[PDB]
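# Observations on the model geometry
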Amino acid sequence: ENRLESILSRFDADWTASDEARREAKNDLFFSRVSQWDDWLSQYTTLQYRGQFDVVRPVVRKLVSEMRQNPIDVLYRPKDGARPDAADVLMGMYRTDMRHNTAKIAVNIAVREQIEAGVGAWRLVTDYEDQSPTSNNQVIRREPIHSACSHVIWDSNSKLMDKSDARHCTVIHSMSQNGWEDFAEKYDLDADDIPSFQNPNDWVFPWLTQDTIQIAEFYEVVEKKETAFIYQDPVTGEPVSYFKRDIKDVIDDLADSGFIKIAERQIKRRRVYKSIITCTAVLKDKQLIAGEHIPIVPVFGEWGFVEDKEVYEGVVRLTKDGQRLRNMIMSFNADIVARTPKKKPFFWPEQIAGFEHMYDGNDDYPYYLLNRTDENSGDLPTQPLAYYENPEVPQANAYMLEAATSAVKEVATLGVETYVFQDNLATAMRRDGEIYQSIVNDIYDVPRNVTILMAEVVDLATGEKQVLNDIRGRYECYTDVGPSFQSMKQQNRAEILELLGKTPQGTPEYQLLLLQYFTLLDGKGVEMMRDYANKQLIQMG
Amino acid sequence: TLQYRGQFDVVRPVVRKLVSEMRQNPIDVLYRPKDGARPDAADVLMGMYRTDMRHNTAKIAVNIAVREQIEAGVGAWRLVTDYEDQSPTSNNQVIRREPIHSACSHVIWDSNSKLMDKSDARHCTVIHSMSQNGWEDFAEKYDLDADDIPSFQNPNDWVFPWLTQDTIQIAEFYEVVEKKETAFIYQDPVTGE
Amino acid sequence: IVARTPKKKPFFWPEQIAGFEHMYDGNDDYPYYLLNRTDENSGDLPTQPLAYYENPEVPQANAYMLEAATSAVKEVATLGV
Amino acid sequence: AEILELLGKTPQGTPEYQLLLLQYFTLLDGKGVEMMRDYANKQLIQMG
Amino acid sequence: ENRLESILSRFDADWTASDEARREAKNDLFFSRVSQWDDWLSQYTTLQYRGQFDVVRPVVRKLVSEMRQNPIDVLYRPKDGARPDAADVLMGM
Amino acid sequence: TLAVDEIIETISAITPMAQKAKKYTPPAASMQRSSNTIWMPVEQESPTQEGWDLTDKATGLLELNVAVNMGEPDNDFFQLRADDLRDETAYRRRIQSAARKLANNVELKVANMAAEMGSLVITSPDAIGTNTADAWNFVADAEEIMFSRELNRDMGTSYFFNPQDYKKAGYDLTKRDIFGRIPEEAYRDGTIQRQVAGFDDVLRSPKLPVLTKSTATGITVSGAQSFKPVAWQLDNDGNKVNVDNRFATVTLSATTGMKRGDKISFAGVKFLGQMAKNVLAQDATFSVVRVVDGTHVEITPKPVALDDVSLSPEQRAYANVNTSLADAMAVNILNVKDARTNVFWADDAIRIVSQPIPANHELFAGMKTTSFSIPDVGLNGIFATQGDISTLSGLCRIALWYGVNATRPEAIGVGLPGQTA
Amino acid sequence: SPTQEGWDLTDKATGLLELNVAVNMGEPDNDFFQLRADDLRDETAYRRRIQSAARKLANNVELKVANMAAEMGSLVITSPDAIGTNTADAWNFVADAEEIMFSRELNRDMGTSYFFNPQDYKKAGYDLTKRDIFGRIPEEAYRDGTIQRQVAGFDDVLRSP
Amino acid sequence: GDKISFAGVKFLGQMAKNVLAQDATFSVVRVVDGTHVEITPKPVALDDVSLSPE
């Protein structure tokens, strides 16, 4: 019955269910980022040589560079039978608020985590901005999540790569003391009550245990049928559907503006509620957030289910044994090289008694003298001189160094190419586009295009707050994957160039050349060229 | 006593290459008109299929089935229908494709089936495994008594040091009945005799 | 085989190196190695060539079977052509 | 895709111009591509 | 309450958080710039030969030259829907 | 020797009391200097005078308080050998069992504290399964004693049966020779009802203590005594030190056979209506908290007398007992026979203070400390791991620092069936 | 796991103990037939004997389960009188079993089952029917013979012949 | 299959180690000798001072 108890029971179930994959992913990230001698016991004691002759890291670097050379971003496209300009405004808004460094950095972090461990993630958040708002004095931005395996915990009863069927998700936020003070100030919490939350609970090193503060955010999705009011727009048309929950502080002002209620339907849809929690208490209970979907986007590498148990793998998991064997063999060889007596002769003391300064290594003598006789034995026994054998690397050591290196090289071949990883990133970006479309419909100001112009229908309440008015004809565009562009002008330039690349030297080629000059940036000479293109196109009609 | 047990994979790159090659060539249904019918008799069906199969779940299910087909030898997926209001496809409804993990142990076809796609198969049982919360979800969705925890033939195996495994099991039994049933021949007032 | 196998080192009688044990510990402070010569009851230390522990070796059977197993897997893991 | 497949095999006669105009007609929408598609539609209508 | 104490606490927290990475980076800089022989604990013997036959420095030189051959600078572009020459003044500055 | 990974799960315990108890996390920075003790005020009661001429009769203001503190960590220290295989096979399961055992220990502390500092005592001369609706009568007696004393129950009330008495209640329900809805529920399942006789949460608890009988007899109060409500008092140096309101040290003839947990009642003292100050028909019941010395004890409800002439009017406003002790008042013990206690309370009577163990500091190098969220009971501990080669092993320690507190012992109760002989 | 309190715990650590139990299989429950080439011109008797062997093997399996359960069963609830005397006697039996399991805090996540012999099941049904009332449960126990599927909190109740 | 119970020995809670009110009941599974029996629940005592903490 207790809300905290139910939340903790669900979180504990998911935490214990996703355990083995989380530990293996943490081990892979540690192995590829910190050190390959993941031993918690030999961090003290009498020391022995332990080298790090890395052979997997160049492969990870090459794969990361290969996947960075091919950026991917969301592309909104019109649906079937809808207006051909049904995605221009949405695409412009997306390119507006996703051109910042934060989105690119978050995507790159998630990509690197996906290659190394096997799972990465990022988040979509909405913030208030006044200097440069995208729409309705708000911005939608993308934030990174580090160590998604141990920081983002999904519903256990999820059978999809993008976790769109999951109904709740726990995200553990870690922040320093100053960060916790900022968090408390922003969310109206109490600074004196320091929170805490479950941790990965590992052994590996005494360090990396930064003195931090953990809090949890629990996102849950509820699908329900809610009352929706059908209105009559007094400027165009009539059938216009609004949600009662959204239209609740301007319900009286709608009639004053000129809207007349026609009917009242019940429409099924989803809402997302966020809770800020610790283990011992709940700080914020059910703060409703914008959108229909959980704002966390996961990216996976080699992902699947073995026995109703999720497994995700990167590129480093299978090279670990060979790399560790190679490091061990190299350390053994270095020990052999140093702590071994060199090649030197074996002498009885009587043989070189009195000539001990001839063998110290100087070159002042043309030969080496030896004692011949003894006063008791008459003559010293004759035995051929022996020399300590030179140090040698064992054939087993050499053979296994070769075999381990070859095994690591053979097994560290993702694909033939990173096509599967890029397709998984494309799936993640499609999910991101769906989430962003939901948030835009919920909070932004989407103008409807009439064929009679963009008609922005809005109203304000008595508290000087403006409430958005979005009709139910909002899902006119679907999501796809295309090249990453910083602006719609850049996208238009790319499309014009692609068309020019296939159009032969006819009259459409001249048309496209003039259009390319149209879509150019501004200096002075290119300004003159753009003016010439404008005049030519208008003259040709 | 503990003994060294290495793992030097040489098959996994082959599976990765095969999965990448099959992923580079997606394949989808294509509806074409029959012989003597109207030349655009499949436009509506093609549009509806693309509209309700363009989503992420369809591609994910196909990819899961393909990976299991490459590795174990058998995969599967399911087609389900749901009521949608915000963005329906037709008649306030949607048709979506869903994945099935471990198809070999979770989909149990009729033994009297001699077809690769099993179109002559007349019954098929799906084993659904879930934990406590998943069982509550299932009961709430399908209008079942959540108190009486169900059970069925467990298709899983405790062969790894997993801390816990799914303990609740249920079955969906599909059967096909071919029979002659009454139809009415009407007269459409618009045009159709 | 590589890990648990004694390294290549000489075989010594204790009387051969009694008093010179610090010359064979691996340091580099001496130009040669001294060995005892005399035994008070046996007269002279018996002469025999110094023996060394054989270096670790990967068996020919192990190498052959590893290569054969890898080749068989490569030959049989070819879907189609 | 079908129009592009036709264009890849149609030699540069009058059907080539027809298919190019059709591709411009079926192109997506921006501003410049909007102008190009409007021009293609007008040309097709005027050609009948 | 004390501004000095607050500033010092923030600085100390960041300094102790970034301790390992800073140490490794300083060691990397010393290794790549001054000398690869860090032998001060080894003073329990006499003087011995300590050569420095670098094979990593050419790689660093090649990488530095490669990244110098491709200069990168800021470029200001007008926002979508803004005036076509909204960034010329800022670019000139 | 064939072996598998299949686990034969053997135990599954429930923790309702610890779940329902409120958990408090006061600031650790202040608690470090405050000696882990924090004081909270009590709802203020005002006096009343009726008349016209009230010269030199103006009273003062008095606000009493209670103090809550904590105990010591409840660890799970254990050493783990690396070379052994039966340790690598068991490490993670040991961690899980440690979490479960810590939750169970917290629940046990809650139950024992509730059953040992419960002022209100309901007793029965025979077993619950004796007469029809006797379980209902047992619950209703508790509800009535909470109602008559006018105790605040805004947060809610709770009643915990022991399994034997819960079974007896179910048997009484099912032997009704009829089947409505409650009898059919009590037949198909063992549950009697979720709410009974006014309580809004009636459960069963497997971890309720057994109150062993007291051998004390023939004890009388030695010396007339008066207990006065007060907030602070002067120490030797003249500094004012606060006073807890939930304790009172009485002097008896001899405290032999008494322990922490026994229930006593003097002959003559009667409960009052708290707010209205109307004499009840029920004997005042106290719980002996600590047996200090040999002729003194410490009872948890401070017996403030309505007829005490040494009390200022503001102090007398807090009176909860109709009379004082008069140097011969015989004290009757109420637990004259062993019985597994049923425990009822108001939901805001038992709290669980908790504190962090900051072992993540830069001081503790060489060992790794992380957090550890206990399930069931919603608490935090630390999980610390260190290594060693002097024994070639590793030490793992799951620490948890908390403390159960009974802020309103007059709200908690104890049910004792079959207190005959 | 063991547990201890205090801050200073020098030389007070603990080891790890993990107990195990042994599971075994017995000998097969066989069935031999011997037939000549003459006796397989009909094959009907052959198929029938096969089916009868199947059913007999299943029944023998269940008999072994019943004997093992009734022999190696620790908890025992004894009553001084029969189960038909006085009211709610069978319910008191089932409640005693459930209560002792709950008090011992044994694991019941996979479900709990009670099995009556036919005579005791009949006596429980008679106890339900004589209840001088027919609401739903006595009506079911009268019309059919079953007392109820779940009794006194047990997850299932059956009658084993 | 014989069921026995030793006098003065009572069940524990198996998690909270609280003395139950029910006498411990064991079931014999094999009579090896004339003076030895084998009972299926192993009676691990709580007050045994020879038992390690684990």
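Method of determination for the deposited model, per the PDB record: cryo-EM, at 3.2 Å resolution.

Compared with the 16 Å implied by 1.5 Å per residue over 12 residues, the 17 Å span of helix α13 (residues 507-518) of chain A between its first and last C-alpha is a close match. Every buried residue belonging to α13(A) is among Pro508(A), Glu509(A), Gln511(A), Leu512(A), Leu514(A), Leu515(A) and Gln516(A), and all of these are buried. Those residues of α13(A) hidden inside the fold are in contact with α12 (488-502) and α14 (525-540) of chain A together with α2 (14-26) and α3 (32-47) of chain D.

This paragraph deals with the sheet that holds strand β12 (residues 248-251) of chain F. Residue and element names in this part refer to chain F. In space, the five strands of this open sheet follow the order β12-β15-β14-β13-β16, with antiparallel pairing throughout. Of all the strands in the sheet, the pair left with one neighbour each is β12 and β16 (331-333). Averaged over all pairs of adjacent strands, the angle between their axes in this sheet comes to 45 degrees, without regard to strand direction. In this structure, strand β13 (residues 263-266) lies alongside β16, joined through three bridges in antiparallel fashion. Among the inter-strand pairings, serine 265 is bridged to a residue of β16, identified as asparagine 332.

We now examine the environment of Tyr121(G). Residue and element names in this part refer to chain G. Mapped onto the secondary structure, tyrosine 121 falls in helix α3 (residues 118-129). For the pair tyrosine 121 and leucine 17, spaced 104 residues apart in the sequence, the C-alpha separation amounts to 44 Å. The residues contacting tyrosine 121, other than those within four sequence positions of it, are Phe116, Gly145, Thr146, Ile147, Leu158 and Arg159.

With that settled, consider a negative patch on the surface. On the surface, a cluster of negative charge is contributed by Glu136(B), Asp145(B), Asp147(B), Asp148(B), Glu185(F), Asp189(F) and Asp155(G). Tracing the backbone through its elements, the reader meets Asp145(B) in the loop between α5 (132-142) and β5 (168-175).

Turning to the interface of chain G and chain F, a few remarks are in order. On the side of chain F, 51 residues touch chain G, which itself brings 44 residues to the contact. Both sides of the chain G and chain F interface together cover about 4200 Å² of buried area, and 56% of this is carbon and sulfur. Looking at the side of chain G facing chain F, the largest losses of area belong to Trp7(G), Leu16(G) and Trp91(G), adding up to 19% of the total buried there. If you look at where chain G meets chain F, you find four salt bridges. Linking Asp96(G) and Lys167(F) is a salt bridge whose minimum nitrogen-to-oxygen distance equals 2.7 Å. Across the contact surface, chain G and chain F share 19 residue pairs in polar contact. Looking at which element gives the most residues to the side of chain G that touches chain F, the answer is helix α2 (residues 89-104) of chain G, with eight residues.

Rules behind the numbers
Residue indices run from 1 on each chain, following the sequence as it is written; they may not match the entry's numbering, and residues absent from the coordinates are omitted. Whichever chain is written first becomes A and whichever ligand is written first becomes 1, with later ones labelled in order. All values in this entry refer to the displayed chains, which constitute part of a larger assembly. Hydrogens are left out, water is left out, and the side-chain values use all remaining heavy atoms of the structure. Going along the chain from the N terminus, every DSSP run of H or I of four or more residues is numbered as a helix, and every run of E of two or more is numbered as a strand. By definition here, a helix of n residues has an expected span of 1.5 Å times n minus one. Per-residue accessibility, obtained with a 1.4 Å probe over protein chains only, is compared with the maximum for each type, and a residue is labelled buried under 20%, exposed over 50%, and partly exposed between these values. The criterion used for residue contact is that any of the two residues' heavy atoms lie within 4.5 Å. Only strands joined by at least two bridges in the DSSP assignment are considered to pair. All axes here are fitted lines through C-alpha atoms, helices being fitted over the stretch that makes contact, and every angle between N-to-C directions spans 0 to 180 degrees. Patch membership requires over 30% relative accessible area and the absence of a salt bridge. Like charges are linked within 9 Å, and nonpolar side chains (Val, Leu, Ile, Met, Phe, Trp, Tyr) within 5 Å. Note on areas: these come from Shrake-Rupley sampling with a 1.4 Å probe, and a residue is covered only by the protein chains present in the view. By salt bridge we mean one thing: a side-chain nitrogen of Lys or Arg within 4 Å of a carboxyl oxygen of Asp or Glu. The convention is simple: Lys and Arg are positive, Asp and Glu are negative, and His and the chain ends are not counted. We put the charge of a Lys on NZ, of an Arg on CZ, of an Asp on CG and of a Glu on CD. By buried area we mean the combined loss of accessible area, with a 1.4 Å probe, across both parts when two parts are placed together. For the purposes of these results, a polar contact is taken to be a pair of N or O atoms within 3.5 Å, where, inside protein, one atom must be able to donate a hydrogen and its partner to accept one; residues adjacent in sequence count only when each atom of the pair is a side-chain atom.

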